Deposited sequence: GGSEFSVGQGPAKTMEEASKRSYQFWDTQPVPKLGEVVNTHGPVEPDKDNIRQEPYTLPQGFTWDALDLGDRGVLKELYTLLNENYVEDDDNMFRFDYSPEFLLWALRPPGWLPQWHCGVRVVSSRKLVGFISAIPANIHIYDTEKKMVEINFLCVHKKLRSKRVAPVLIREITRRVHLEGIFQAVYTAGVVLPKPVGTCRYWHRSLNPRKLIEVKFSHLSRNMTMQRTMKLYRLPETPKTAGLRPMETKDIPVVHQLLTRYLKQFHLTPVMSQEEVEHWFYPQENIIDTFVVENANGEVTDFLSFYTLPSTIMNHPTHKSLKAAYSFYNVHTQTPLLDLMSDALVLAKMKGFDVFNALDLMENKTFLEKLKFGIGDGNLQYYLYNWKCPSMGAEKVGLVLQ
């Protein structure tokens, strides 16, 4: 189910058993659904006959290769089944080894006899600000079951096993996103897309020539300057880590669901890595860094390759957000991206239409596990996951 009208009818065999609010329920409290556990199941959950658990050491290059192969062949597609995310090994290390990462939380499923990797789910630690509470949580990502094992109820077992492994470490809340509606979204966001190379996007069927509009007309509409306009824009450097951390922390206070990053976490998530993460800061005529923009790299295989930038965190205190995002588009164009993607969260609705983004067909639902709180509009969500 991808809409709240489809989810209105369904029943949820697994999620009814979990500490999440009911889909109908309207919530006006803030806090855990169930108490922290003082005794945790020591044995892994039972898998179907012929499968076994395995913690994936991603510092092993052959194991990392097994994971991105599983993901590139079996992870998230567009609902038209035209494009699948193409996760690089280096991107996965970025997403899966932030500060505090644990090997037991890179949780694989393998065929017993052949050791073939056929399932995965991960947790990474994060301090999360939710309304008036700060909690240590984990972020769950990359739940993946091999296409030939789909619909055999392996997903709930992966969820219960990563839950157990996170409980063993004393953590009892999680945050996660999904394109499907489950009990119960804390917020719902929409993806928007900004064409950068319209000839390629229409050719590969990512977009279509709009009503009574030529190709030549479409390139003109999406044409961008060759260089950014904001004075003082430059790549983030090591010396910028503290001020980027300061800028981000103060800026995120206006939203209701945000990460709380240490300075080491800021370094990991924002320090530029070619073909993974780009961060540019604005250093003004006084030498003060006053703003920054960032986007990560996630190409898609055309089931060539579709080179997509995803808006990450953008902080403005002296440059208008509108101007900052214009330069983000210019930079992504310069770096050879075909499309620039952004959600309607934080303040993004103030620039999406102005900058000629077009709305997409998917929903991104945000969820908290074992935390019951009021839902929020997209503009109060201040958390971006990979």
{"query": "Missing residue ranges, deposited sequence indexing starting at 1", "finding": "1-11, 315-319"}
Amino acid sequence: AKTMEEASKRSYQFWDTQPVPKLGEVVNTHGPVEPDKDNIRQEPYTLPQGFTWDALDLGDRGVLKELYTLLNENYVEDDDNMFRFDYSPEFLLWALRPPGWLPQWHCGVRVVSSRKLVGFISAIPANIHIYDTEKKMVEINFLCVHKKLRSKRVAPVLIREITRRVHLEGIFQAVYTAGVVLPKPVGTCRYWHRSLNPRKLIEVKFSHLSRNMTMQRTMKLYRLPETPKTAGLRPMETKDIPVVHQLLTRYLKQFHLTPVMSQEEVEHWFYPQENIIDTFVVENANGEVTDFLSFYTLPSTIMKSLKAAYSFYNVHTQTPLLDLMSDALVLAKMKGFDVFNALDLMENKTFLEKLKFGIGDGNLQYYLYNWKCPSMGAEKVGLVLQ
From here on, numbers count along this sequence of modelled residues.
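By rigid core we mean the largest C-alpha set that fits within 1.5 Å across both forms.
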property	result
More shifted region, core-based fit in 8 other deposited structures of this protein, 190-198 vs 79-87 by CA	79-87
Stretch with larger C-alpha RMS deviation in 8 other deposited structures of this protein, core superposed, 212-220 versus 141-149	212-220
Stretch with the higher entry mean CA B-factor, where the candidates are 83-91 and 105-113	83-91
Stretch with the greater mean C-alpha B-factor as recorded in the entry, comparing 52-60 against 23-31	23-31
Highest recorded Cα temperature factor - choice among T188, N141, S300, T279	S300
Deposited CA B-factor, highest of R160, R234, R199, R194	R199
B-factor third for the C-alpha atom of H245 within its chain	lowest
CA B-factor placement of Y45, once the chain's modelled residues are sorted into thirds	lowest
Position of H129 among the chain's modelled residues by C-alpha B-factor, lowest, middle or highest third	middle
Record-listed C-alpha B factor of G100: chain third	middle
Cα B factor band for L383 (lowest, middle or highest third within the chain)	middle
